[PDB]
Amino acid sequence: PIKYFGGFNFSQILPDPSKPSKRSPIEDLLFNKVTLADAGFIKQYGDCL
Amino acid sequence: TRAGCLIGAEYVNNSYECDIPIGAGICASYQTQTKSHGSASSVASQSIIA
Ligand SMILES: *[C@@H]1O[C@H](CO)[C@@H](O)[C@H](O)[C@H]1NC(C)=O
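Just so you know, the sequences run in chain order C and B.
Quick note on the authors' numbering: the first sequence kicks off at 788 and runs consecutively.
Quick note on the authors' numbering: the second sequence kicks off at 640 and runs consecutively.
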């Protein structure tokens with residue numbers, strides 16, 4: 788529950804509880820960058836209607 | 640489900656290991672349910688559970 792590991796800050800790579808996809812900030816950045824074809828999220832990709 | 644429309648299977652809120660991958664985070668199997676308190680082998684619906 789606590790995230791102190793001697794000073795090594797893993798916040799940028801640990802999952803973000805304050806987001807719906809629960810991706811890490813670095814994971815969120817990576818998913819936002821690669822979006823030429825993939826929408827970056829699967830809110831509507833499940834049915835594509 | 641995101642994979643599509645599943646017919647003949649009932650959703651289970653519990654989490655077992657995946658036997659037959661349906662897709663999009665869903666897996667199905669053949670299960671005999673005695674929890675129905677009636678007929679175990681012949682459950683009230685089709686015996687396929689996702
Ligand atoms: C123990 O680790 C916690 C984080 O879980 C930290 O806040 C605290 O300073 C540490 N204390 C000692 C004595 O190492």
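Idealized CB from N, CA, C, for every residue including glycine.
Is residue i close to chain C, meaning its C-beta is less than 8 Å from at least one C-beta of that chain?
{"i": "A679 of chain B", "result": "no"}
{"i": "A663 of chain B", "result": "yes"}
Thinking C-beta only, is residue j closer than 8 Å to residue i?
{"i": "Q670 of chain B", "j": "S681 of chain B", "result": "no"}
{"i": "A642 of chain B", "j": "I659 of chain B", "result": "no"}
{"i": "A667 of chain B", "j": "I688 of chain B", "result": "yes"}
Going by alpha carbons, who is nearest to residue i out of the options?
{"i": "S654 of chain B", "options": "B:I646, B:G647, B:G664, B:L645", "result": "B:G664"}
For chain B, is any of its Cβ atoms less than 8 Å away from the one on residue i?
{"i": "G833 of chain C", "result": "yes"}
{"i": "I829 of chain C", "result": "yes"}
What residues match up with residue i in a beta bridge as DSSP calls it?
{"i": "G662 of chain B", "result": "B:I665"}
{"i": "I687 of chain B", "result": "B:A648, B:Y669"}
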